[PDB]
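Chemist: Sending over a structure as structure tokens; questions will come in a sec.
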Amino acid sequence: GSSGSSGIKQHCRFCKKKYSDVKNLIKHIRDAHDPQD
Ligand SMILES: [Zn+2]
């Protein structure tokens, strides 16, 4: 009705992908991109 229904939005700008669970996003990057390294 009238209430900001929480909803996180994480997108791998790098590959313009989408991951429901952020935890996966991080693992996906360090696995594919791995820029930090
Ligand atoms: Zn990616």
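Quick note on naming: the chains in the structure tokens go A, B, ... in the order shown, residues restart at 1 in each chain, and ligands are numbered from 1 in order of appearance.
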Do you know which residues are within 10 Å of ligand 1 using only C-alpha atoms and all ligand atoms? Can you write them as a ChimeraX atom specification?
Modeler: /A:11-19,25-34
Chemist: Restrict the selected residues to C-alpha atoms and save them as an mmCIF file, in the first residue's frame.
Modeler:
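Final output, again_24.cif:
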data_model
loop_
_atom_site.group_PDB
_atom_site.id
_atom_site.type_symbol
_atom_site.label_atom_id
_atom_site.label_comp_id
_atom_site.auth_asym_id
_atom_site.auth_seq_id
_atom_site.Cartn_x
_atom_site.Cartn_y
_atom_site.Cartn_z
ATOM 1 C CA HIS A 11 24.185 -5.142 -10.783
ATOM 2 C CA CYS A 12 27.642 -6.153 -12.008
ATOM 3 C CA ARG A 13 28.196 -2.878 -13.863
ATOM 4 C CA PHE A 14 31.387 -4.522 -15.123
ATOM 5 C CA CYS A 15 29.470 -7.097 -17.164
ATOM 6 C CA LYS A 16 26.097 -5.412 -16.658
ATOM 7 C CA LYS A 17 24.785 -8.532 -14.921
ATOM 8 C CA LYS A 18 22.274 -9.039 -12.109
ATOM 9 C CA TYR A 19 22.634 -11.105 -8.936
ATOM 10 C CA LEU A 25 28.006 -10.824 -6.840
ATOM 11 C CA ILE A 26 31.262 -10.501 -4.902
ATOM 12 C CA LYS A 27 32.234 -14.118 -5.564
ATOM 13 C CA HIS A 28 31.341 -13.635 -9.231
ATOM 14 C CA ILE A 29 33.655 -10.634 -9.564
ATOM 15 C CA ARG A 30 36.672 -11.962 -7.668
ATOM 16 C CA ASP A 31 36.102 -15.059 -9.803
ATOM 17 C CA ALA A 32 35.588 -13.466 -13.219
ATOM 18 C CA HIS A 33 36.797 -9.860 -13.145
ATOM 19 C CA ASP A 34 38.882 -9.880 -9.964
#
Chemist: Compile the contact shell of residue 20 (chain A) as a ChimeraX atom specification: residues with an atom at most 10 Å away, counting only C-alpha atoms, same-chain residues fewer than 3 positions apart removed.
Modeler: /A:8-11,23-25
Chemist: Just the strand (DSSP E) stuff from chain A, please, per backbone DSSP, written as a list in words.
Modeler: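 Strand (DSSP E) assignments inside chain A correspond to residues 11, 12, 17 and 18 of chain A.
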